[PDB]
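Asker: Chains as they are written, first to last, in the entry's author numbering: chain B, 3 to 174; chain A, 3 to 177. Have a look at this one before I ask anything.
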Ligand SMILES: Cc1cc2nc3c(=O)[nH]c(=O)nc-3n(C[C@H](O)[C@H](O)[C@H](O)COP(=O)(O)O)c2cc1C
Ligand SMILES: Cc1cc2nc3c(=O)[nH]c(=O)nc-3n(C[C@H](O)[C@H](O)[C@H](O)COP(=O)(O)O)c2cc1C
């Protein structure tokens, strides 16, 4: 039996090039819903979200603040992920929570047959980007941007074998 | 209603009570495989894992360094998650990657009809706990422990409405 959840986890790829087809509001809502249901340490739910569509002037602003402008410009929708500092309890664990949210969103995108890619280089420019977007970096920590669209490529990656990542070999 | 991946994301719960049923090596392997396939910056793959079964004396060590000893002693398997400090490129982003790995493992456990819970309070004791497990805190950052077993309870939780979590309303009809 090939479990669809396990299959999705294994087959989800960073997709960085999209077709010209529209991404529906309903798809975006479903992806966002996946994000909000990720866990958080105290059920503090520190993540906040901002949707930026291709036709939005803010797409150019985002592109201007990352080396991956071509991906940003090719995407149909970009979901920006932040932590509300007033909802945080622990820096390390709230960043882990943001990762869990992003992962849920990437899996949901894949499950909807959309392609997406986690963009983290862009967060290096948070200090100039947030003000450019009229957002307050004193209140918000910028965690990630997810670029998405209908896929125009299959994606390709690799991982080292499980046995190398285990600190001790647990099987007989 | 129709999508199993979306259902899993929504229905996955922190399960803290388990039956006495064994968790197979194959289940543990499938969970770990889900973990290593989470994304990481640069595909650096900074996460490292240590499996501790219930019958392992190291469970007693784990239990002595957490206020959640009932969960620790009741679990059939615990997966310790770490970042390899040599493989890190950015602490925030690598913590996020550890979160994505943990989340994949929790979804994988759920998909396998297992109950699991992300334990993070335990990492507060890393400085004393790691050396007790013969691990080097100069080499590894302790990110989380996942306690797991066949479920002896359904969990329950709540989330704020999406509308309260958006910085802006993206749909024509406000949320
Ligand atoms: C924290 C983080 C930041 C990332 N930043 C970028 C980035 O800015 N640009 C990019 O193209 N991919 C980025 N990625 C995607 C990774 O390169 C990708 O996950 C990795 O190469 C493995 O490929 P896969 O996602 O297909 O499994 C990032 C991934 C993570 C988890
Ligand atoms: C960073 C992190 C640390 C956590 N630590 C603990 C913990 O030590 N003990 C515990 O019982 N649950 C812990 N949890 C589980 C949360 O309490 C749980 O995810 C949250 O209450 C929402 O419940 P749900 O997982 O059923 O959706 C942790 C979750 C996260 C994301």
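Ideal Cβ placement from N, Cα and C applies to all residues, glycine included.
Looking at the unbroken beta strand (DSSP E) that takes in residue 83(A), where does it start and where does it end?
Answerer: Residue 83(A) -> beta strand (DSSP E) spans 79-86.
Asker: For a contact defined as C-beta to C-beta under 8 Å, what are the partners of residue 16(A) on chain B?
Answerer: Within 8 Å Cβ-Cβ: 41.
Asker: Taking C-alpha atoms, which residue in 59(B), 86(B) and 101(B) lies nearest to residue 140(B)?
Answerer: Measuring from the Cα of residue 140(B), the nearest candidate turns out to be 86(B).
Asker: I want to see whether chain A comes within less than 8 Å of residue 169(B), judged by CB atoms only; does it?
Answerer: Yes, residue 169(B) counts as interfacial toward chain A.
Asker: Would you say the beta carbon of residue 74(A) comes nearer than 7 Å to a heavy atom of ligand 1?
Answerer: Flag unset: Cβ of residue 74(A) not near ligand 1.
Asker: Is the CB of residue 159(A) under 8 Å away from at least one CB in chain B?
Answerer: Yes, its Cβ sits closer than 8 Å to a Cβ of chain B.
Asker: Where DSSP assigns a beta bridge to residue 39(B), which residues make up the other side?
Answerer: Partner(s): none; residue 39(B) has no beta bridge.
Asker: Check distances from the C-beta atoms of the segment 43-69 of chain A to those of chain B and list, in chain order, the residues that come in under 7 Å.
Answerer: Listed in sequence order: 43, 45, 47, 49, 50, 51, 52 and 53.
Asker: Could you give the C-beta distance for residue 151(B) and residue 78(B), rounded to a whole number, given that I count them as a contact under 8 Å?
Answerer: That pair is a contact at about 4 Å.
Asker: Kindly indicate the opening and closing residues of the alpha helix (DSSP H) around residue 50(A).
Answerer: Segment 49-55 is the beta strand (DSSP E) holding residue 50(A); no alpha helix (DSSP H) there.
Asker: Between residue 55(B) and the rest of its own chain, which residues show a CB-CB distance below 6 Å, the 5 nearest in sequence each way excluded?
Answerer: If we look at residue 55(B) and ignore the five residues flanking it on each side, its Cβ neighbours are 79.
Asker: Counting contacts by CB-CB distance shorter than 8 Å, is residue 155(B) in contact with chain A?
Answerer: False, the Cβ-Cβ gap to chain A never drops below 8 Å.
Asker: Return the CA-CA distance between residue 66(A) and residue 127(A), expressed in angstroms with no decimal places.
Answerer: Rounded to whole angstroms, residue 66(A) to residue 127(A) spans 10 Å at the Cα level.
Asker: The beta strand (DSSP E) that contains residue 147(A), what's its start and end?
Answerer: Counting along the chain, the beta strand (DSSP E) containing residue 147(A) begins and ends at 142-151.
Asker: At least one CB of chain A closer than 8 Å to the CB of residue 74(B): is that the case?
Answerer: False, the Cβ-Cβ gap to chain A never drops below 8 Å.
Asker: Assuming residue 118(A) is part of the beta strand (DSSP E), what are its boundary residues?
Answerer: Its beta strand (DSSP E) spans residues 117-121.
Asker: Contact between the segment 11-18 of chain A and the segment 153-168 of chain B is defined here as three or more beta-carbon pairs at a separation below 8 Å; is this criterion met?
Answerer: Judged by Cβ distances under 8 Å, the segment 11-18 of chain A makes no contact with the segment 153-168 of chain B, as fewer than three pairs qualify.
Asker: Which partner residues does residue 70(B) have in the DSSP bridge list?
Answerer: Answer by DSSP bridge pairing: none, since residue 70(B) is not bridged.
Asker: Using a Cβ cut-off of 8 Å (strictly closer), state whether residue 124(B) contacts chain A.
Answerer: Not an interface residue.
Asker: Sorry if obvious, but does the Cβ on residue 143(B) come closer than 7 Å to a heavy atom of ligand 1?
Answerer: Residue 143(B): no, Cβ never under 7 Å from ligand 1.
Asker: Could you tell me whether the Cβ atoms of residue 110(A) and residue 74(B) are closer together than 8 Å?
Answerer: Not closer than 8 Å, so no.
Asker: Within the continuous alpha helix (DSSP H) that includes residue 2(B), where are the two ends?
Answerer: Look at the range of chain B in this structure, 3 to 174, and you will see that residue 2(B) is not part of it.
Asker: Along chain B, in chain order, which residues have C-beta atoms closer than 9 Å to that of residue 27(A)?
Answerer: The contacting residues are 172, 173 and 174.
Asker: Based on the DSSP secondary-structure assignment, which residues constitute the bridge partners of residue 16(A)?
Answerer: Paired residue(s): 118(A).
Asker: On the premise that residue 162(A) lies in contact with residue 169(B), defined as a C-beta separation below 8 Å, what is that separation, rounded to the nearest angstrom?
Answerer: The Cβ separation is near 37 Å, so there is no contact.
Asker: For the putative contact between residue 125(B) and residue 145(B), defined by C-beta atoms under 8 Å, what is the C-beta separation to the nearest angstrom?
Answerer: The Cβ separation is near 7 Å, so the contact holds.
Asker: Applying the criterion that 16 or more other CB atoms from any shown protein chain within 10 Å of the CB defines a buried residue, is residue 108(A) buried or exposed?
Answerer: Result: buried.
Asker: Under a three-way DSSP split, which group does residue 44(A) fall into?
Answerer: Three-state DSSP puts residue 44(A) in a helix.
Asker: Residue 98(B) touches chain A at which residues, Cβ-Cβ below 8 Å?
Answerer: Going along chain A in sequence order, the residues near residue 98(B) (Cβ under 8 Å) are 97, 98, 100, 101, 104, 122, 145 and 146.
Asker: For residue 168(B), which three-state DSSP category applies?
Answerer: Three-state result, residue 168(B): strand.
Asker: Less than 8 Å between the C-beta atoms of residue 46(A) and residue 89(A), yes or no?
Answerer: Cβ atoms of residue 46(A) and residue 89(A): closer than 8 Å.
Asker: Under the three-state reduction of DSSP, which class applies to residue 134(B): helix, strand or coil?
Answerer: Residue 134(B) falls in the helix class under three-state DSSP.
Asker: With distances taken Cα to Cα, identify the nearest neighbour of residue 142(A) among 70(A), 166(A) and 97(A).
Answerer: The candidate whose alpha carbon is nearest that of residue 142(A) is 97(A).
Asker: Go ahead and pull the three-state DSSP assignment for residue 161(A).
Answerer: Residue state, collapsed to three classes: coil.
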